[PDB]
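Data block below; observations after.
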Ligand SMILES: Nc1ncnc2[nH]cnc12
Ligand SMILES: [Mg+2]
Ligand SMILES: [Mg+2]
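So, in structure tokens, the structure goes:
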């Protein structure tokens, strides 16, 4: 083949995570892979990034790069813009231990790292396992996608959010393009007293599934299919445009009459 | 009955947060304005968290500190933690709405997915009134951003806003008299940011700064960038759904075409 694929691999769980190390191993059978990922498994970074401080990096013997206290986004940013020359063809983020579905996606560091490689020659993949077991299956599904992208370019969609059923590969039904489901608002806080009687608060579990119908990511994964949802960064709720303009006129905001 | 700019000194309960933290001039100016006519509770980060984006604290609990005036700082809390805790635990009576702001600096374009200002408003989307994220295009005219936010809040008192759960509001950094009006906008977009600034530590290790956002790419006439450049307050309604609906078919055809995951 005329060209090697050069892949920037990141994740949310840090460089030591088995999900990213399993995927790296699988990708390296056919691709060049540079890992740039958080130094440790931190929870809940979303697409935060480090602006108030400079970031420190560390290179392992195998060449993996960990960014110290780096967010998922930090790592992809540094990887694309400084640490990999020339720039990667594609950012692959995963494999995440745990699903990234529905309206959770915006909170996902795994998705954020992909999000950050949306301007490369291929659409970025965010890869999450619905579980902790079959990294092998998600690795294989990722490999298949990537061979697919190199066979024919995907013309529209700069980020693909891929959720893989936690099954042995032979039981995965196939792949469906899906939209993000939704959840009810999350509302649990779990209070816990410290030894001095002060109340500290844990953020609780997500809200219950609300939109999990036939074409959602939630449905696809439950039915044993890989879910693929293309994502974009534009948060515009266009359907609300007229209602909002009409409301402002109605309440006299921005207009004198 | 009596004629005043606002009807009631505490007609609505507002959870006010931001991402610059509880000491920020943005939030303090706004708080003072809102307290004219609203029952305001500040729940905000203990310090600056710009580009905390929608992150949240899941593997540790959080501790709060309450100031003399009743402001709550969530110690190391992200803007999302603050709203989530304020809404779901701390506030009684619960808020009618979340206001987030006034941020020192704009939250325009494809930057909005990175804004902690916007993330706090996004955590308040389920409440009765749409959550407002208010960011000043600059550092000067907090007064102007406060007047704008007060005008939208009074407006919500006149008539509820039916569709649209977050409103991202950018306000030109001008005296109020020079703001031309309001536009309902769409998010513009930027080129990829591409600068990384290296800086040696005292030991000669190279550390890296994240550079500024990339150039404007789409600043067309109905965008938030254009509105603010032209001296209008931009209001973009936002959602949290990241699905690229208009890419669905293309992706679907692509998969069929290369046959990934299908036997033949
Ligand atoms: N990629 C990026 N996105 C948002 N804000 C930034 N500031 C610097 N780089 C940025
Ligand atoms: Mg994770
Ligand atoms: Mg800020």
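Residue numbers (this note's numbering), protein chains in the order written: chain A, 352 to 608; chain B, 227 to 490. We treat Cβ as the ideally placed atom computed from N, Cα and C, and that holds for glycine.
Run through the DSSP bridge pairs and tell me what residue 567/A is partnered with. Here the question's residue 567/A lines up with position 216 in the first chain. Answer is 530/A, bridged to residue 567/A.
Could you check whether residue 595/A and residue 387/B sit closer than 8 angstroms to each other, using their CB atoms as the reference points? Here the question's residue 387/B lines up with position 161 in the second chain. Here the question's residue 595/A lines up with position 244 in the first chain. Yes, they are a contact pair.
Would you be able to state if there are at least three C-beta pairs under 8 angstroms between the region 574 to 591 of chain A and the region 377 to 393 of chain B? yes
Environment of residue 371/A [buried if 16+ CB atoms lie within 10 Å]: As a working note, residue 371/A is residue 20 in the first chain. Under this definition residue 371/A is a buried residue.
When you compare each of 607/A, 565/A, 432/A to residue 439/B by their alpha carbons, which one comes out closest? Here residue 439/B is taken as the residue at index 213 of the second chain, counted from 1. It is 432/A.
Cα separation between residue 355/B and residue 347/B? For this step, residue 355/B is matched to residue 129 along the second chain. For this step, residue 347/B is matched to residue 121 along the second chain. Taking the straight line joining both Cα atoms gives about 11 angstroms.
Does DSSP put residue 580/A in a helix, a strand or coil? The residue you call residue 580/A lines up with position 229 of the first chain. DSSP places residue 580/A in strand when its eight states are reduced to three.
Looking only at its own chain, which residues have a Cβ that is under 6 angstroms from the Cβ of residue 332/B, when we skip the five neighbours before and after it? Numbered from 1 along the second chain, position 106 holds the residue referred to as residue 332/B. Result list for residue 332/B: 361, 363, 396, in chain order.
Is it buried or exposed, residue 353/A, if we count other Cβ atoms within 10 angstroms and call 16 or more buried? Your numbering for residue 353/A matches position 2 in the first chain. The residue is exposed, with fewer than 16 neighbouring Cβ atoms inside 10 Å.
Is any beta-carbon of chain A found at less than 8 angstroms from that of residue 408/B? On the second chain, residue 408/B is found 182 positions in, with the first residue counted as 1. So yes, residue 408/B belongs to the interface.
Contacts that residue 554/A makes with chain B (C-beta to C-beta distance below 7 angstroms): Here residue 554/A refers to the residue found at position 203 of the first chain. By Cβ distance, chain B contributes 282, 283, 284, 307, 310.
Just list the residues that DSSP pairs residue 407/B with in beta bridges. Numbered from its first residue, the second chain carries residue 407/B at position 181. DSSP output for residue 407/B lists 458/B as bridge partner(s).
Taking residue 362/A and residue 463/A to be in contact with their CB atoms under 8 angstroms, please state how far apart those CB atoms are, rounded to whole angstroms. Mapped onto the first chain, residue 362/A falls at position 11. Mapped onto the first chain, residue 463/A falls at position 112. So it is not a contact: roughly 10 angstroms between Cβ atoms.
Report yes if the C-beta distance between residue 255/B and residue 365/B is below 8 angstroms; otherwise report no. Here residue 255/B refers to the residue found at position 29 when the second chain is read from its first residue. Here residue 365/B refers to the residue found at position 139 when the second chain is read from its first residue. Contact flag unset, no.
Considering only DSSP beta bridges, list what residue 396/B is partnered with. Walking along the second chain from the start, residue 396/B turns up at place 170. BP columns for residue 396/B point to 361/B, 460/B.
Return the bridge partner residues of residue 437/A from the DSSP annotation. Counted from its first residue, the first chain places residue 437/A at position 86. Answer is none; residue 437/A lacks a bridge partner.
Residues of the region 321 to 342 of chain B with a CB closer than 7 angstroms to any CB of chain A: list them in chain order, please. 336, 338, 339, 340
Pull up the distance between the alpha-carbon of residue 408/B and that of residue 259/B, whole angstroms please. Taking the second chain and counting its residues from 1, the one referred to as residue 408/B is at position 182. Taking the second chain and counting its residues from 1, the one referred to as residue 259/B is at position 33. Spanning the two alpha carbons is a distance of roughly 20 angstroms.
Going by the C-beta, is residue 438/B closer than 7 angstroms to any heavy atom of ligand 1? Along the second chain, read from residue 1 onward, the residue named residue 438/B stands at position 212. Yes, the beta carbon of residue 438/B sits closer than 7 angstroms to at least one heavy atom of ligand 1.
Counting by C-beta, which residues lie closer than 5 angstroms to a heavy atom of ligand 3, in chain order? 245/B, 246/B, 276/B, 329/B
Beta-carbon proximity check, residue 424/A vs residue 406/A, cutoff 8 angstroms: For the purposes of this step, residue 424/A is taken as the residue at position 73 of the first chain. For the purposes of this step, residue 406/A is taken as the residue at position 55 of the first chain. No, the pair does not count as a contact, with Cβ atoms beyond the cut-off.
Against chain A, does residue 388/B count as a neighbour if the rule is that its beta carbon must be under 8 angstroms from one of theirs? Within the second chain, residue 388/B is the residue found at index 162, counting from 1. By this cut-off, residue 388/B is an interface position.
Cβ pair residue 386/A, residue 412/A closer than 8 angstroms: Locating residue 386/A in the first chain gives position 35, where the first residue counts as 1. Locating residue 412/A in the first chain gives position 61, where the first residue counts as 1. No, the Cβ-Cβ distance between residue 386/A and residue 412/A is not below 8 angstroms.
Would you report the Cα separation of residue 457/A and residue 520/A, rounded to the nearest angstrom? The count along the first chain starts at 1 and reaches residue 457/A at position 106. The count along the first chain starts at 1 and reaches residue 520/A at position 169. Roughly 28 angstroms separates the two Cα atoms.
Hey, is residue 267/B's beta-carbon within less than 8 angstroms of any beta-carbon in chain A? Counting from one through the second chain, the residue named residue 267/B turns up at place 41. Output row for residue 267/B: interface = no.
In the DSSP assignment, the beta strand (DSSP E) including residue 372/B goes from what residue to what residue? For the purposes of this step, residue 372/B is taken as residue 146 along the second chain, with counting starting at 1. Premise fails: residue 372/B lies in the alpha helix (DSSP H), 368 to 384, not in any beta strand (DSSP E).
contact_flag[the region 538 to 555 of chain A, the region 492 to 504 of chain A] where n(CB pairs < 8 angstroms) is 3 or more: no
Measure from the alpha carbon of residue 390/A to the alpha carbon of each residue in 581/A, 366/A, 375/A, 529/A, then state which is nearest. Taking the first chain and counting its residues from 1, one reaches residue 390/A at position 39. Nearest C-alpha to residue 390/A: 366/A.
Count the other CB atoms within 10 Å of the CB of residue 230/B; is the residue buried (16 or more) or exposed (fewer)? Locating residue 230/B in the second chain gives position 4, counting from the first residue. Exposed: under 16 other Cβ atoms inside 10 Å.
Opposing strand residues paired with residue 435/B [DSSP bridges]: As a position in the second chain, residue 435/B is number 209, starting the count at 1. Paired residue(s): 423/B.
With a threshold of 8 angstroms between beta carbons, is residue 468/B in contact with chain A? For this step, residue 468/B is matched to residue 242 along the second chain. Yes, contact with chain A.
Would residue 582/A pass as an interface residue toward chain B - the criterion being a Cβ-Cβ separation below 8 angstroms? On the first chain, position 231 is the one that residue 582/A refers to. So, interface residue.
Considering only C-alpha positions, which residue in the set 528/A, 536/A, 550/A is nearest to residue 323/A? Shown here, chain A extends from 352 to 608; a query on residue 323/A therefore has no answer.
Can you pull the chain B neighbours of residue 543/A, defined as C-beta to C-beta under 7 angstroms? For the purposes of this step, residue 543/A is identified with residue 192 of the first chain, where counting begins at 1. Within 7 angstroms Cβ-Cβ: 287.
So with CB distances below 7 angstroms, who are the chain B contacts of residue 601/A? In the first chain, the residue the question calls residue 601/A occupies position 250. What residue 601/A touches in chain B: 385.
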